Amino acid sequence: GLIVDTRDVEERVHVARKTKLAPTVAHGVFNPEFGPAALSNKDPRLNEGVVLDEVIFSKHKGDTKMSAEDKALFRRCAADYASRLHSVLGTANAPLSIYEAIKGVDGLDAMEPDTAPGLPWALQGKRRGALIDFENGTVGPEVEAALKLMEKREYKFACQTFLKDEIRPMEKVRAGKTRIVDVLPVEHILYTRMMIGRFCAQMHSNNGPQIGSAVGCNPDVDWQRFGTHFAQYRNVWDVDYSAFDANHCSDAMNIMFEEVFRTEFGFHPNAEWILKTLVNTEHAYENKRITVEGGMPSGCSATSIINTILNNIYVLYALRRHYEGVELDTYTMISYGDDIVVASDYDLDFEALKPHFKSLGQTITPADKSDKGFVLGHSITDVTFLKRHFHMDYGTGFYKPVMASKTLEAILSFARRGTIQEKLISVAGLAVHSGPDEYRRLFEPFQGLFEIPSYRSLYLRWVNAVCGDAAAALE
């Protein structure tokens, strides 16, 4: 987005400063080129003379304005995808009750009861539990008063910027490219869930190529579904974006919201209104307040869904801007926010689409670094989706999500205090797909120290997970 104003200010929102991610015994063995993001501006691991506060917001390069003709084209694409979407999900998009929005429904998990509340509550020193009753599914006066302002479209808010405490490639650590998290007020999250929660629930439940969304999928089971779909196409592309979230233009966001969340598709009028409050935002980071036009706040309710929907419209838009007679049948895709796999029998030229995506403010590049440009004839077994390759399991003949051993090494190399046992169990569920020898090697550092699930036990669990009756081949 475009920074329009950055006045310094009285009140101060102090972040975090130091990581909770401490090295494990595995770190000494694998010595990964990965470490915790820089959270302090004076982190010695940083490159000298590189201030952390600058690079955080460098992603805000501007808010691409589109022509009348590009907007009408985009409107057509948004409406075309919307048609497909609401056809599959139905039109029961009436507001969720307060209770439902808090407690969730089938396809939509309940709100986190003790996550950050946002502004202005964090300046008062107050937790989510004080504002909202998560067991009961009810709200205090302050939230109800905010609820009332949103009804009448008079509600205004600020986003609380947090530095993301996570493992990053050391190049990005040293370059100070710590990701941020735009924390919205808990009431904003609540109302958004009220306005579009059922839609979201339906999306999650209906995940797959048809709606072009993997939000809600379970890679253990769904890799067989997705893998077999995409293997039917002659060409598959693995597309990377540069700062996807920041670079959604005001025009694209507004038109997408206008076409997808219409009252004629069952939504309350304020579905459109509440989503449109994400366009022009005020961000609070320490003593500064930054006003941004364009871009999606990473950490609002349904950020993943909104990004996924945009991804879908972008691909349609870019193809129709370059080629003639392009429809939704012309290709297939699945995305998860900025992450995307696209396939087609037509030999599309994604190199030629680069400028057409640029007209939206988005920079596409191939997922592999080498080979200067996009290439034809790539298959499903060459691409990364959700940091997972599609490899055929030779025991069952099903697709399994394989993570790169270097990534698993990095994950296993760091942990927060007193979680190591728990993390190992969780990560073993990722690592089983790398096969027995690699599984043994990844956990070898932890032997004698923690309980490591046997390879065999997780393999049988998985064989049941994918279908179930494949397990019931007792010969």
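When you see a residue number, it is the position in the sequence shown, counting from 1.
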Original post:
Quick one: higher average CA temperature factor, 92-100 or 136-144?
Top reply: 136-144
Original post:
Which is higher in the entry, the mean Cα B factor of 333-341 or that of 389-397?
Top reply: 389-397
Subject >> Residue with highest C-alpha B-factor in the PDB entry, from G125, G294, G208, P219 >> reply: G125
Original post:
Out of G373, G361, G107, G212, which residue has the highest Cα temperature factor in the PDB record?
Top reply: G373
Original post:
In terms of the CA temperature factor given in the entry, to which third of its chain does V432 belong: lowest, middle or highest?
Top reply: lowest
Original post:
Considering only modelled residues of the same chain, in which third does the CA B-factor of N287 rank: lowest, middle or highest?
Top reply: highest
Original post:
What third of its chain, lowest, middle or highest, does the C-alpha temperature factor of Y346 fall into?
Top reply: highest
Subject >> B-factor third for the C-alpha atom of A243 within its chain >> reply: lowest
Original post:
What third of its chain's C-alpha B-factors does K156 belong to: lowest, middle or highest?
Top reply: highest
